[PDB]
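Q: Counting from 1 along the sequence shown, just add 24 to a position and that's the residue number in my numbering.
This is the structure I have questions about; it appears just below.
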Amino acid sequence: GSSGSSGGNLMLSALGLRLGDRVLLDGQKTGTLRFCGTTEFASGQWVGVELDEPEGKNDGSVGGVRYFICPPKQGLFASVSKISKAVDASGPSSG
């Protein structure tokens, strides 16, 4: 079906990514995208990513705001600027 609109699909849309897909955290770790847009506890632009490996800090829940229900410590929030598009690393290259 391909759906899921909550509010804040202007950032990812401009970058070229969607929800559900995975990304490269710090060019090392890997997580699954879930949230994308603004935040309540903070300001600016942020995104919710779920840590694949058995690691994390928050359970995708901050105060009175819910982003996703993940196992014991399996959710980390960070700025899109500090994230890279994982999967498929074959294409444009020069140096």
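Note that the Cβ used here is the ideal one computed from N, Cα and C, for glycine as well.
Would you be able to state if there are at least three C-beta pairs under 8 Å between the segment 98-111 and the segment 78-85?
A: Contact holds: three or more Cβ-Cβ distances are below 8 Å.
Q: Specify, as a first and last residue, the run of the beta strand (DSSP E) that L48 falls within.
A: First-last of the beta strand (DSSP E) with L48: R46 to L49.
Q: Grab the span of the alpha helix (DSSP H) containing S37 for me, first residue to last.
A: It spans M35 to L39 - the alpha helix (DSSP H) in which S37 sits, taken as one unbroken run.
Q: Can you have a look at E74 and say buried or exposed, based on whether 16 or more other CB atoms are within 10 angstroms of its CB?
A: It counts as buried.
Q: From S67 to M35, what distance separates their C-alpha atoms?
A: Cα to Cα, the separation comes out at about 14 Å.
Q: Give me the Cα-Cα distance between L57 and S114, rounded to the nearest whole angstrom.
A: Approximately 21 Å between the Cα atoms of the pair.
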